[PDB]
């Protein structure tokens, strides 16, 4: 099957890229190794930057996001037993913190793609990349895991297949440089059936560790506890999880944490990762296939959306005028934004998490930063602007 751009992965990066290309008359074929049900059924976060909201609306796929999304005026930084509100709406001159679950974004983009004649193969298996260093790259795969071996002949391959996809290894080790940080802690995330304890997100730093109170709906809440990076979910009974959440979220004015059944519990590791370059011949990486951020800053899906806007612009210049300049500089342009988001995500992570390797001096300056950011208008404005994207 011949196309212009072969896309590996139907996450936010692959789906947004395929639709941006469609809006400019450029054809694509997406392959996805999981089922449509699986990709549409995640409990992944939905904190969207203003740029991602603008992009969804610009693309004509933002109607359900605007109708069903939750628009908050701010969020809270809790530390030393006190909550401190960051009024994003006041500090940014009218913007909101937007939440619209990643699975909802995926559902909207899959539906828009299928409705506009888009080609998406779900449940593919045995995926491989070939001749990426030529003008005729190829993608090979088997439909429905064990179908006959099929080939996509294309001009470009977009590697939108996440951290463990096959596209990043297709950039030879001798050409790439990787940057990484392993945080000395992980998150224990829980999906709970209970009303929300507060109207806005709560990012809490406590002597015992970090806690994050988020939401999905009026009935379903999403909460996280910082845990030691080696910890297993079998070390954390429901009783221990709720006791630790109550301890870390405690306030002098008496906060009431609403508890319920934990439908899901799991440990997720926290990492920073940057691959440079994000291209090799006709292969171009975007999103988690090229870089990872710790989720404290909620930048991952937003960076995937920024990467594909640059890639689509380069592809458009190639098909319209035969120009290669923007494609040649795709890595250069994307990395400028990536490094700033990596810095912010690292800043939020280190400011809010307990580090047991920290000296008492380091813990003192961590608490001093928390005091400063919540008592300075410029520091709070900078946090607000970084949080909703810039």
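Numbering follows the first chain given and starts at 1.
For the segment pair 114-122 and 299-307, the entry gives 114-122 the higher mean B-factor, averaged over Cα atoms.
With 257-265 and 139-147 compared on mean CA B-factor from the PDB entry, the stretch scoring higher is 139-147. Per the deposited record, 26 carries the highest C-alpha B-factor of all listed residues (335, 351, 26, 56). The maximum CA B-factor among the listed residues 78, 130, 72, 222, taken from the PDB record, is found at 130. Sort the chain's modelled residues by C-alpha temperature factor and residue 383 lands in the lowest third, per the entry. The entry lists a Cα temperature factor for residue 272 that places it in the lowest third of the chain's modelled residues. Among the modelled residues of its chain, residue 166 has a C-alpha B-factor that falls in the middle third according to the deposited record. Among the modelled residues of its chain, residue 193 has a C-alpha B-factor that falls in the middle third according to the deposited record. Ranked by C-alpha B-factor against the other modelled residues of its chain, residue 36 falls in the highest third.
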